[PDB]
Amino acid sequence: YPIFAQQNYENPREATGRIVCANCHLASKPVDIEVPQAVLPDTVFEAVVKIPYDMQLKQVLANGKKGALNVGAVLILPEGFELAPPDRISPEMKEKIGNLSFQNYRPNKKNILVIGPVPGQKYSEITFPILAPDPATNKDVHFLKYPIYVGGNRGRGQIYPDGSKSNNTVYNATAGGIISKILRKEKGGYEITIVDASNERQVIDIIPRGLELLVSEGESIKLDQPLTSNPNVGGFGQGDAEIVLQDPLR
């Protein structure tokens, strides 16, 4: 969720250039951003982010049932650029932004905006209303070409803030061996007993509901061998743009 990165990464872009959602949102899937080539001081412009996916896809929801995807994004602007105020947003633009609430990544970072989770059917392309700064009123903003970075995610992530896996990832055998028993559970899920004949050790790997097994009793499994399908139909991607803050003369 945008809140898990905000709660524990102070800045969303790491030194490698990867945005921190990729730490738990593990599949890669394309993101796009259109931004005007150039903008004038103190004018509103739109940055439109596309987070595309095949919409007949159903993911495994937190309780085993299958459902639709939700989308979220993090937009990293230059310092000085910020969310356009309501009075400066046009009516033709206010129906375009639906009724999204863009939040600041942290109150002091006015130039990093997050939005989501919002339903994917409705918001696969999102319009962020940005106000361009004015050099004459800000001594560190110049007429220059500026980088803009976006991260876009659709679907539930794989790892939670404490390091726990969710049920929207592969479950791997914690031991090699032969499966001696597979107990299909009452309300869903499985209990798999592995006899690691090599270590004379018995281990039981538990599998959550919404996942289907790739293994049979009597089969030899290796350590970390996938025991289930990969149920993840979503993914995170990132992209970048360059904008020219333009002198109103030449």
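The first residue of the sequence shown is number 1, and the count goes up from there.
Engineer: Look over 174-182 and 148-156 in the entry and identify the one with the greater average Cα temperature factor.
Structural biologist: Between 174-182 and 148-156, it is 174-182.
Engineer: So 100-108 or 161-169, which one's hotter by mean CA B-factor in the entry?
Structural biologist: Taking the mean C-alpha B-factor of 100-108 and of 161-169, the larger value falls to 100-108.
Engineer: Among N63, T193, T43, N70, which carries the highest Cα B-factor?
Structural biologist: Max CA B-factor in the entry, restricted to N63, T193, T43, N70: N63.
Engineer: Please place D54 in the lowest, middle or highest third of its chain according to the CA B-factor in the PDB entry.
Structural biologist: Middle third of the chain for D54's C-alpha B-factor.
Engineer: Looking at the temperature factor on the CA atom of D224, which third of the chain's modelled residues does it land in?
Structural biologist: Its C-alpha B-factor belongs to the highest third of this chain's values.
Engineer: Of the three thirds of its chain by CA temperature factor, lowest, middle or highest, which one includes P78?
Structural biologist: Lowest third - that is where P78 ends up once the chain's C-alpha B-factors are sorted.
Engineer: Please place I89 in the lowest, middle or highest third of its chain by C-alpha B factor as given in the entry.
Structural biologist: For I89, the deposited C-alpha B-factor lands in the highest third.
Engineer: Based on the entry's values, in what third of the chain does the Cα temperature factor of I115 lie: lowest, middle or highest?
Structural biologist: Its C-alpha B-factor belongs to the lowest third of this chain's values.
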